[PDB]
Every structure is written in C-alpha cells, then in structure tokens.
2 protein chains.
Amino acid sequence: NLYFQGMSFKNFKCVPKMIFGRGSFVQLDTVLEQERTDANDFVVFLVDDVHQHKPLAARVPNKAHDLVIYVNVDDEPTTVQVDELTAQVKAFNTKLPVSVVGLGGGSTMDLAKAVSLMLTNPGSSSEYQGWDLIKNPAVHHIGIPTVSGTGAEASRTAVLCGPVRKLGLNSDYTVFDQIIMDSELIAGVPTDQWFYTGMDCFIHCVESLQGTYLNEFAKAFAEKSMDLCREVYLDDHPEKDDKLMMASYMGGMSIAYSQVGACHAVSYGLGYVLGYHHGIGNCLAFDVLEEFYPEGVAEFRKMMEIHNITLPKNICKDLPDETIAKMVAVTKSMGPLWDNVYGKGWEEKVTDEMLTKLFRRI
Amino acid sequence: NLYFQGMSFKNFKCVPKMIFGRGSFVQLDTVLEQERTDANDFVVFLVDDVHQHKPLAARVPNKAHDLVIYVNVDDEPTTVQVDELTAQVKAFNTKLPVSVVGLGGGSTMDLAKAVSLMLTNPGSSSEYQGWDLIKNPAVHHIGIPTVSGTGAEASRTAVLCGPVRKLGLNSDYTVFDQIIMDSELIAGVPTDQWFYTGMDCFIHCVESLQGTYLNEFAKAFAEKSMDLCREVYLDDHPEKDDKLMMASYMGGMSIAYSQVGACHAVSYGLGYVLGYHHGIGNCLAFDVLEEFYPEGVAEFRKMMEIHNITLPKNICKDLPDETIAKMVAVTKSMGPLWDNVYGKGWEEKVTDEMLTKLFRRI
Ligand SMILES: NC(=O)c1ccc[n+]([C@@H]2O[C@H](COP(=O)([O-])OP(=O)(O)OC[C@H]3O[C@@H](n4cnc5c(N)ncnc54)[C@H](O)[C@@H]3O)[C@@H](O)[C@H]2O)c1
Ligand SMILES: NC(=O)c1ccc[n+]([C@@H]2O[C@H](COP(=O)([O-])OP(=O)(O)OC[C@H]3O[C@@H](n4cnc5c(N)ncnc54)[C@H](O)[C@@H]3O)[C@@H](O)[C@H]2O)c1
Ligand SMILES: [Ca+2]
Ligand SMILES: [Ca+2]
Ligand SMILES: [Ca+2]
Ligand SMILES: [Ca+2]
Ligand SMILES: [Cl-]
Ligand SMILES: [Cl-]
Ligand SMILES: [Cl-]
Ligand SMILES: [Cl-]
Ligand SMILES: [Cl-]
Ligand SMILES: [Cl-]
Ligand SMILES: [Cl-]
Ligand SMILES: [Cl-]
Ligand SMILES: [Fe+3]
Ligand SMILES: [Fe+3]
C-alpha cells in the first residue's frame, strides 16, 4: 500500500550534458574530440538531407575516416530504415564508432538513437519496440535539433513504424548522452512545419496536464513549456527561437515523467495507416477532440488563425471501412495513453464505435 | 567574434538520474544495490544529525558493513570538517565506498559531494575551492533533500568555509549521480527554516533574472521556480511540499546556467565572518538591497509578513570597523556575482565605501 506506492516512482534517466545557445553548434568538434581515444576512432553523423546542399552541411566537423549519412525522412522512421542504416555503419567499419550524431528533427534524432542502440543489440529494431527490451548499452550519441518541438532531444524513446505498429524503443539506454540546442539551426524551417512541430509540444503539455499520470514534476515542466509556446505563437516574441527550443526540451522532460494522451493515440493511427506525419497528424486529431481538451483546442484554434493554418479536411470521409478499422486497431492498442486519459476502466470507454466516429470527422 | 561567442557556452553537466515522489525514499536500497558489485562493497551515509533520534534514522538502509555518520551542521560546512569526514571514511575501510549518500539539507548534501570528491583527490579540500580544480572523478554520490530550496541537489558546487573564504568546489565532478526528491522528508522542518531556505530559492531566481549572465535556459527555469515559490509562500497551496521541492530543483538548474548576485555576495560575508547561516543571511542582505531588486524585495517583504518573520536587526550597527572590513573583503572577492549584477566595469562600482554602507544597515 504505502511501500508499493513509494516503489512505483520512476527513476528517470535524463540527458546528462547540454549546451544551450545560438552559434553553439561550433562546439561539436570539441565535444566529439573527448570521445575519440584512438587515431582510428570514427563518428557517424546522421544528417537530415534537407541540409545536404545547404551551408550547415559544410559546418559538420567530419574527419576523413568519419561516416556522414544524409538521411531521408520524407517518410517517418521505420524499423526497416533503422536496420538498413545500422547495416551501413557495420559495412563501413566493423569497429564501433565512438559516437552517433543526429542532426535534424525528431525523425533524424530518433534514427540516431535507434542506430546507436542496434549497433550493440542483436536483431531487427522491431524486436525492441516496447518497454525496457534493450539489454546492452547504446553507443554514445548526441542530439542536435534543427526543428523544435518534439522533445525527442530529451526523451527515452525513439519512435518507429515497425511490422505491426508505430511504437518506440523505450529504454534508459535510448537517452542521448549529450544534446546541443543552437536555435540558429532552426532558422529555415518552413512556417507550417514550424507550426506543426511546435504544436506537438503544445499538445504534449495539454495531454500531460489533463491526465491521471500527472505529478508536480511533469506539471511544472508542462506548464512552463505551454507558457513558452504562448510566447512563441501568440506574442510573436523576438527571442521566439530560443523560447521554442526551451519549450520543446521542457515538454520532453514533462512527458518523460507523465504520458501523452488521446491526441497522440489518434495521431499514431493516421500516421501508421495513412502516412500523415506526426506534427500535422496531431493537429488533425486535436481539432476533433474538443470534448477531451476544450481549452487546449480553443487556444490552438486561435494559434492556427494567427498563423494562417488551414488543416486539410475530409481525409477520412470517403475511405473504406477496412482502412478505418486499421486506424482504430492501432489507436486502441496505445494502453498507457488511454490510461492517462481515462484512468482505471479505460478499456470500457475506448470502444471501436467511439474511435471510428472520431476518425470519420478527420 | 561569432566563433568565440559560440564556443563560450557552457557544456552543462546535470544530475542524470532523479526520483520524484512522496514515499520514494523507500527506493534507496534498490538504487544502492545497483552499485554494490561485491559482497564486501560498502556505502557511506552522511545523515544530518537532526535525524539521528527521529524515525527517518531507522529507515536508512545501512548494511552491517556500511558506514553511517550523523553529521553536525550547526555550523555550515568547512574544509576542516570535510577533511575530517574524509579521514573517517578512509580509517573505517581503505577500499573506496561504492556510493556516498547525503541525507539532509544543503549543508549535508555539500558534505557528501565534498567527501565523494576528496576520497579520490589528494590534499585538503581547501586546495580545490575554485573552478574546475578537481582532476579525478568523484565516488558515486546520491543527494536526498530533507530541506528544500538551496538547489544543492542540482548544482555543480559544494560550498565550504575554508582558510580564507566561503567558496565552492565547482566542477562537473561535483554533480550528484542520483537524486531522490521525497517531500515527506521535509515534513518536520521548523517554519522559520522552511521560510529561510525557501527564500534562498526565491532570491536565486530574482538575482538570476536581473543579471547580465541570463539566457533563455536559465530564464525559463528561474521564472517557473519563482512562480512555484509564490504558490508555496503566498497561495498556501495544499501540494506546497512537492511544489517547493520542484522550485528548489528548477532554481538550481537556473543558477547552474546563469549566476547568483549582490544578495549572495553580501550573505557570504555575513556567513564567513559572523557565522550567520545561508538562508537567514540572504534574507538579512536582501532586506537592504531594495535599490538592486525593487520588486523582489517588495514581494519578499510581503511573504515575510504572511509568515510572521521578523529578521533580527542591528547586527552590524555597533561592530568594530575591523570586523566590517573583513565582511567587505569577502563580499568584494565574489567577481562572477558582481559581474552578473553590473556587467563589464563592475570593479569601479563595487567599492569599499558602498559595501560598508550596506553592511552597516544589517
Ligand atoms: N523520440 C520521441 O520522444 C518523440 C516524441 C514526439 C515525436 N517523435 C517523432 O518525431 C518525428 C517528427 O519529428 P519533427 O516533427 O521534428 O519532424 P521531422 O524530423 O520529421 O522533420 C520535418 C521536416 O522538416 C525538415 N527540416 C528539419 N530541419 C529543417 C531545417 N532547419 N530547415 C528546413 N527544414 C528542416 C525535414 O527535412 C522534414 O522534411 C516523428 O517520427 C515522431 O514520431 C519522437
Ligand atoms: N551546493 C550549492 O549549489 C549550494 C547552493 C546554495 C546554498 N548552499 C549551501 O547550503 C547550506 C544551507 O543549506 P540549507 O539552507 O538547506 O540548510 P542546512 O542544511 O544548513 O540545514 C538547516 C537546519 O535544518 C535542519 N533540518 C534539515 N532537515 C530537517 C528536517 N527534515 N526536519 C527538521 N530540521 C531539519 C538541519 O539540521 C539544520 O539545523 C549552506 O552551507 C549554503 O552555502 C549550497
Ligand atoms: Ca536523399
Ligand atoms: Ca525530401
Ligand atoms: Ca552530534
Ligand atoms: Ca544541532
Ligand atoms: Cl536514409
Ligand atoms: Cl513510444
Ligand atoms: Cl514558409
Ligand atoms: Cl484542456
Ligand atoms: Cl560532522
Ligand atoms: Cl561556489
Ligand atoms: Cl515551527
Ligand atoms: Cl527585482
Ligand atoms: Fe509528440
Ligand atoms: Fe543560495
């Protein structure tokens, strides 16, 4: 009773080293130099290929023996892609790299987390989708966001589309060893993507604050994160880039000690079955969940108006029942998320009938 | 210019593992068990002796071969005390312990940090007062607050009164490997101590937010910390114990990426020379620094009224000039703090004349 409650609290592993500041990408070489202990040590840089022909590519401090892979996140990470990148690293050099760097958004960061894991753990990444399935430590890995809002930089998961579902590699080993938060690097994100990924953060906060998993640690982080989001998207603050990077991080810290909810549940269906990306998919879901998060949706609708956002509509209106069934099956399987939303007895409330009504309104 | 600014940002090492929740002290045994790799491994528990005859002593999970030291913080930590505790550990067992636990307030936590360091670094702790002087990693160490507000649980320093001054062992190695934040443990702190240590947190926030070292990372933490303090001390919130623990932590994270200021500067003089403890000494200083922090002092004066706090007065009114000179010398030597307050050209503003006027009003 009293003992069992005390033992229940999560021992949260967070990112132990962080650099925050505009221009701080310049420190990556010095950071990596502390990991290079031999002449023949190498680093893997996984760089979102949006950067491949941009000035940021030329700033990547790769040595002649390092491996730079410009990764394609036009579709979100899959277990097939993680396995293919991991095979690439092994074919390039059988020696473990001394670090794996993820330079990009949530997709690229999650690829770097997953590759850093699959280098020291056998089999397909599909065998590790779930909770605490990883038994060997990852290779040292570094997260450098070039889009802000997912909180992927701060979290203990790496979300992948596998054979059966979208589900993350949840493990203390997944957590980045180092992150660099340089808001100069988010400069050229298109406005709509900036908005959608930023709303991922906003929606994290709302779902955490409504949920049954909440404690004061998650609550302090989620409230300040949500306030920073307001400064970014409502107040048009001049330091909105640094502010959005802090919101993202604090939002990740929040979820890490709580849980996401109904909007993420639904979004994962749209994402797995129809291929909608996470930022926009969350927003699509959120716009039909006003009964769940009345104030959040109202505020988000106001943010959309300011930023000229028109969500695509009638995505699911004329789709076959078979395709809707697949989305409902994926969303229903997210137990912890619906537990957060509803509490004990959530199985009886989250029916196929109700989820189907939601998806048909998207 | 642009490169030198990018390189200037601190690579912040924070506490990598945290448990937050009421009753979570019960997990300490399981946590320590992960560090015990032999039958003959031992742990040092440094326990604030306020707990020695209280029920919390009986909950400490010491094995027969472990060392429990009930430490006396009636005076704040000195280099002599750190050296004496370190000698005690070495005389008890020449083998390094697998962890050093600090169960107490800021004083006890700083003792545990310092001992964990001096076990692997030669000489007196006085030789390490300063910045980045520690060259060998500390023994694994765990922080468990039983008074909330210093932020000692989150910081990279351990503040000691040495031969010459109050100055900390500032180093990435100083940082706790693990903290447990169980607000049941702060239950029996007397009201005035609860207020004074809590105002340490409040004052951290104010000094950080006024300063020239501020960035958005320190700013987000300090603002939310300050809001939590208001919930605790103005709103009388029912979850004030968990809230104050979060404020303390977030306040420590803030200072860690910024700096304290004029109030801490002055407080360190009162502390070193006259022996005033840190919480009450800060409040004494703050009450004469209204020109520096007008809004902070006003709000703190209001908090004092609610909590029936009457600061002792005329402490310095009738003291010899020689004794005031000593306090001014210590306060003036805090360069980074006055740099935070004033910026470049602080040496010309922080004169003996001005500091002497302040101290005479305390
Ligand atoms: N690991 C976690 O804890 C966690 C949490 C939430 C979401 N996620 C995952 O994050 C992924 C989405 O990440 P995201 O929303 O950051 O988007 P993303 O990484 O998928 O990138 C979105 C688009 O922005 C582009 N882009 C990135 N940086 C840019 C730059 N500076 N300039 C111009 N364009 C740039 C990319 O090339 C891409 O086309 C999803 O797969 C989602 O599941 C992970
Ligand atoms: N390391 C850092 O980053 C940092 C930052 C700020 C201050 N400090 C240091 O922290 C020290 C002050 O710490 P503090 O303000 O927490 O006070 P403290 O640790 O000195 O303890 C204050 C008093 O409270 C008592 N106490 C502790 N727990 C109690 C409990 N649960 N019930 C009843 N009484 C209890 C103690 O026995 C003591 O008498 C100073 O030496 C200061 O320099 C360190
Ligand atoms: Ca390509
Ligand atoms: Ca593309
Ligand atoms: Ca004693
Ligand atoms: Ca005593
Ligand atoms: Cl790829
Ligand atoms: Cl996941
Ligand atoms: Cl655009
Ligand atoms: Cl809401
Ligand atoms: Cl002692
Ligand atoms: Cl110090
Ligand atoms: Cl009392
Ligand atoms: Cl002020
Ligand atoms: Fe998300
Ligand atoms: Fe302090």
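Residues numbered from 1 in each chain as written, not as in the entry; some residues may be left out. Chains lettered and ligands numbered in written order. Heavy atoms only, no water. Residues with missing side-chain atoms left out of burial classes, pairs and counts.

In terms of determination method and resolution, the entry is listed under X-ray crystallography at 2.1200 Å.

Residue and element names in this part refer to chain A. Under the UniProt annotation, the feature "binding site: Fe(3+)" (unreviewed entry) is placed at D200, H204, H264 and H278. A maximum C-alpha distance of 12.1 Å among these annotated residues, which run over 79 residues, shows that they cluster at one spot. Looking at the element boundaries, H204 is found in helix α6 (residues 191-210). Not counting the four nearest positions on each side in its chain, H204 is found in contact with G149, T150, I255, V260 and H264. Discounting residues that sit within four places of it in the chain, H278 has contacts with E76, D200, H264, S267 and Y268. Here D200 takes part through its side chain, which lies 2.9 Å from a polar atom of the side chain of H278. (UniProt positions renumbered as here; feature names shortened; annotations may be inferred. Helix = DSSP H or I, 4+ residues; strand = E, 2+ residues; numbered from the N terminus. Contact = heavy atoms within 4.5 Å. Polar contact = N/O pair within 3.5 Å; in protein donor to acceptor, adjacent residues only side chain to side chain.)

Next up on the list: the packing of helix α7 (residues 216-233) of chain A against helix α11 (residues 294-306) of chain A. Residues and elements named next belong to chain A. At a closest axis distance of 11 Å, the pairing of α7 and α11 adopts a crossing angle of 25°. For the element pair α7 / α11, the angle class is roughly parallel. Two packed elements cross with a definite hand, and for α7 against α11 that hand is left-handed. Facing α7, whose interface residues are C229, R230 and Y233, α11 presents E299, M303 and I306. (Axes fitted to C-alpha atoms, helices over the stretch in contact; angles between N-to-C directions. Parallel < 35°, antiparallel > 145°, perpendicular 65-115°, else oblique. Left-handed = near helix turned anticlockwise from the far one by under 90°.)

Bringing the site of ligand 2 into the picture now. Residue and element names in this part refer to chain B. Neighbouring ligand 2 are 27 residues; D48, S107, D110, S155 and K166 lie closest to it. The separation between an oxygen atom of ligand 2 and a polar main-chain atom of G106 is 2.9 Å. Contributions of two or more residues to the shell around ligand 2 are made by α5 (106-118) and α6 (191-210). Considering each element in turn, the shell around ligand 2 owes the most residues, four residues, to α5. Class assignment for the residues of the shell around ligand 2 results in nine nonpolar, 12 polar and six charged. Residue assignment places the shell around ligand 2 across two domains, with domain 1 (1-190) and domain 2 (191-362) each supplying three or more. (Near = heavy atom within 4 Å. Nonpolar A, V, L, I, M, F, W, Y, C, P; charged D, E, K, R; others polar. Domains from an automatic or database assignment.)

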